[PDB]
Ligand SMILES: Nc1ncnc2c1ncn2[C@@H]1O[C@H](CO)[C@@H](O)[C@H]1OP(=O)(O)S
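Let's start with one chain on its own, the form solved without this ligand, as structure tokens.
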């Protein structure tokens, strides 16, 4: 069944949960654009972040696990043949989001997979190195001008390499949903006070 593999596997949020997350992400993009902490550092980044990221996910929001490219991607077949992948296909999950983030290229949500969910994370250089398994897991909320969504995962890894050693620094804002951190280079992270739960289905997208 190699030739019948999807473009990618992942957790695809339901219609209702995709909308709840989309709205939460839009609220963040507008809160952030109007924080003077953010305004100060536009040299490093009025800018309306909602329009800036007006390359929309042409579909439901999702957390990709394995890019397969219909079986041409490296490791596509070994991922998809796993028993846990077959048995999880079509099943319902409630995933945890711990933070929202923005860079000059992407806007996203950080997904904190549990040990059990990591079984669906696929089995590196020096951007995922030293970080826990599955740290790349994210939901893209928007991309800038010419950016493709694969970039969102690389941007989150870069941010998390900072958080690793407390380079996150002191908070520069205390929003009702969490504290706001300026990581420099136009990088921003809202650490949510309480995790967001999103309902999703593990499945595959064929383009």
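Residue numbers count along the first chain shown, from 1.
Of the other compared PDB entries of this protein that include residues on both sides, at least a third leave residue 124 without atoms. Of the other compared PDB entries of this protein that include residues on both sides, at least a third leave residue 47 without atoms. In the deposited sequence, the stretch from residue 123 to residue 124 hides 1 to 3 residues that have no coordinates. Missing coordinates between residue 45 and residue 46 amount to 4 to 9 residues of the deposited sequence. Of the two segments examined, 106 to 114 and 68 to 76, it is 68 to 76 that shows the higher average Cα temperature factor in the deposited entry.
If you average the C-alpha B-factors over 146 to 154 and over 166 to 174, the higher value belongs to 166 to 174. Among all modelled residues in its chain, residue 15 ranks in the lowest third by Cα B-factor.
When the CA B factors of the chain's modelled residues are split into thirds, the value for residue 81 lands in the middle one.
Ranked by C-alpha B-factor against the other modelled residues of its chain, residue 185 falls in the highest third.
Sort the chain's modelled residues by C-alpha temperature factor and residue 130 lands in the highest third, per the entry. For residue 139, the recorded CA B-factor ranks within the lowest third of the chain. Only modelled residues enter the ranking.
Note that the form deposited with this ligand bound isn't included here; everything after this is about it.
Although the partner is absent from this view, residue 150 contacts this ligand in the entry with it bound, with a non-hydrogen atom inside 4.5 angstroms. Proximity of residue 45 to this ligand in the entry with it bound falls outside the 4.5 Å heavy atom cutoff. This ligand is not shown here, and in the entry with it bound it never comes within 4.5 Å of any heavy atom of residue 52. Contact annotation: residue 38 falls outside 4.5 Å of this ligand in the entry with it bound, judged by heavy atom distances. Although the partner is absent from the chain shown here, 62, 67 and 140 each have a heavy atom within 4.5 Å of this ligand in the entry with it bound.
The stretch from 172 to 180, 26 to 34, 142 to 150, 158 to 166 that comes within 4.5 Å of this ligand in the entry with it bound, counting heavy atoms only, is 142 to 150. The single residue of 1 to 37 lying near this ligand in the entry with it bound is 8, the criterion being any heavy atom within 4.5 Å.
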